[PDB]
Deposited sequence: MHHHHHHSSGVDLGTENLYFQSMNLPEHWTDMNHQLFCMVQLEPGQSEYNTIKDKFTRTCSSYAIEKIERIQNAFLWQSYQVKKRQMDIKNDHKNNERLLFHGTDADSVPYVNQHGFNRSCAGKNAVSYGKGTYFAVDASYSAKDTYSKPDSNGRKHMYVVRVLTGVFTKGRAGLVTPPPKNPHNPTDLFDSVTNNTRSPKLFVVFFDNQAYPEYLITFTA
């Protein structure tokens, strides 16, 4: 509830951003950093009170666990149009492509990666969909195929887990998280090639 606009006591609303204003410009710049050849049709702010409450609880918990670190990253997730309503209302669900770094939900550092047709599948009118996502990446390690949770931070204590996994710890391009409410879909970009 920062840039959020009044919901008239609704628990969910999608708010189309005004082009040229501060917020729209901030999100468009994140995308055009690597996707400047695309065409943005609109950016929508996702105001989902329940998803936000659940996410903020996990953030407070991870801030306490990781004795004061920035546990949050702003990442991208391409989806097909038929998945957009579900994610808007319910967020990202690992139980719903290639799971090379584990059976989790995947998020890209670069819009360009999420802009692949394999992730942001064009609909019948050629429109592609990509979320801008607050992700609790926390303390992370290299993933591997078949993980169902992150590995332990010390194998001597096998329930004290990493927060997420990546392809490459030193220069990450993707992150996988394995729990509900570790990812908040903040904006939806509708765009074309």
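Where does the model have holes with respect to the deposited sequence?
Comparing the full sequence with the modelled residues, the uncovered ranges come out as 1-25, 122-124.
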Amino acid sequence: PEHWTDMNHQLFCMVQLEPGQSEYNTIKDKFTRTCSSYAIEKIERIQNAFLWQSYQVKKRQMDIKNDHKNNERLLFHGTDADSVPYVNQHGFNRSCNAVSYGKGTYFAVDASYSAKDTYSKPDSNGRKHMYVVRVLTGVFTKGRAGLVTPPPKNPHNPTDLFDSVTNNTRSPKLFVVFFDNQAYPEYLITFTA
From here on, numbers count along this sequence of modelled residues.
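Just so we're on the same page, rigid core means the largest C-alpha set that superposes within 1.5 Å between forms.
Between 116-124 and 67-75, the one whose CA atoms sit farther away in 9 other deposited structures of this protein (rigid core aligned):
Evaluated in 9 other deposited structures of this protein, the stretch farther from the shown form is 67-75.
To spell it out: superpose each other structure in 9 other deposited structures of this protein onto this one by the rigid core, compute Cα RMS over structures and residues for 81-89 and for 98-106. Which is larger?
Greater root mean square C-alpha distance in 9 other deposited structures of this protein: 98-106.
Mean Cα B factor from the PDB record: higher for 172-180, or higher for 8-16?
Stretch with the greater average CA B-factor: 8-16.
Determine, for stretches 67-75 and 109-117, which one has the higher mean CA B-factor as deposited.
Averaged over C-alpha atoms, the B-factors run higher in 67-75.
When you compare the CA B-factors of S54, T159, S164, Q61 as listed in the entry, which one comes out on top?
By C-alpha B-factor in the record, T159 ranks first.
Among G146, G138, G126, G143, where is the Cα B factor highest in this entry?
Each of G146, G138, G126, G143 was compared by C-alpha B-factor; the highest is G126.
How does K42 rank on Cα B-factor within its chain, lowest, middle or highest third?
CA B-factor rank for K42: middle third.
So where's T32 on the chain's Cα temperature factor ranking, which third?
Within its chain, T32 is a highest-third residue by C-alpha B-factor, going by the deposited values.
With respect to C-alpha B-factor, does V84 fall in the lowest, middle or highest third of the chain as deposited?
Tercile = middle for this residue's CA B-factor.
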